[PDB]
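One chain comes next, on its own, written out as structure tokens in the form deposited in one PDB entry.
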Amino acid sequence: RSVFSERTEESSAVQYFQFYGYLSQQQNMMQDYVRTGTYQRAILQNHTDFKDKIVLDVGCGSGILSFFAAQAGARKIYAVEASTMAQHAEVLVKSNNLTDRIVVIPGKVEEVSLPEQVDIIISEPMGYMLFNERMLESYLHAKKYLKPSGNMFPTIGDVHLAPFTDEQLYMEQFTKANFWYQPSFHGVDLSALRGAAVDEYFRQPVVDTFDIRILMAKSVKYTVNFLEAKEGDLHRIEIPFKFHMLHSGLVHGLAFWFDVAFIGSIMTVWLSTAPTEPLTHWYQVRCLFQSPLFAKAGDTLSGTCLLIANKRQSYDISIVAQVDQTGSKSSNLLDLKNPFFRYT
């Protein structure tokens, strides 16, 4: 039936909205002060984008961003939430005396009916590596409700990519895989599964932070403009790259992070997940190469990061990289749905 159910396996959806149904999970996001306080700053400092305006909050969760919009003088805020968190949001709207201004609407933004078109859409639809969850697509879908020359908060998103060296990370993953190297595990030969094991462990993106000294080159930027993109733009995301290596050493994979910009009428406010910035609950993301690439300073490392949307609310990621000077290449598949959360 709906645009959402056509692109999403039911098993994925149930589990997804179950996770967000937990007050403990909403609290986790809320307690990220950089995230929550930057959203508040972006909204309050652009108060004229809200004052007496009609607002759509896509995936309101607790209601938190709708309360910021109300603090900035919005006339009416439609707060849409597909998880059972919608009922808790309703309770908060009542206890905060904002029933005249915040209207919770339970269900998927792809399935509900709003009573009118809006001036501005706000959301926090960013997953780790930006694209996990495929919630950006629901955010773009919601533009069917946006007035001409309406705005989006956030307005754009930049994904950054850079090559890294981290021998300790590589060996940590490699060591776990080599459990399946043993030819006599309790007298049983596991070694025929070595290859599948390495493949599975290296399909896992690594979510954690790190020092910027591990980066071997200036980062490449890929931009998505939410004011212009169509949902279909996010089905196949292709990020070519050419890195000018600043340091010699082994390239163990690519590091990703993302920034979003809230481009208001008064000022632009950035929310950054970069490793040079204060740490957020998104940390940063690294895709390891099963086979590291040796490169010399001044070499070029070129290739393509390709993200293919799947029905499990995430992406199949392929990264092909090569050192142009030697023709040394690494081909990699990663399953963005199945990360290794390594942070302590």
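Whichever C-alpha set is largest while still superposing within 1.5 Å between the two forms counts as the rigid core. Numbers follow the displayed sequence, beginning with 1.
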Per the entry, where is the mean C-alpha temperature factor higher: 263 to 271 or 170 to 178?
170 to 178
Mean CA B-factor: is it higher for 129 to 137 or for 247 to 255?
247 to 255
Residue set 115, 157, 106, 73, per-entry CA B-factor max assigned to 115
Thinking about Cα B factors across the chain, which third does residue 239 belong to?
middle
Ranking the modelled residues of this chain by C-alpha B-factor as given in the entry, is residue 41 in the lowest, middle or highest third?
lowest
Chain thirds of CA B-factor: placement of residue 80:
lowest
Using only modelled residues of the chain, where does the Cα B factor of residue 281 rank: lowest third, middle third or highest third?
lowest
Relative to the other modelled residues of the same chain, rank the CA B-factor of residue 49 and answer lowest, middle or highest third.
middle
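Beyond the structure shown, there is the form deposited in another entry, which is absent from this document and is the topic of what follows.
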Scan 181, 210, 170, 270 for the one whose CA shifts by 2 Å or more between this form and the one not shown after superposing the rigid core, and name it.
181
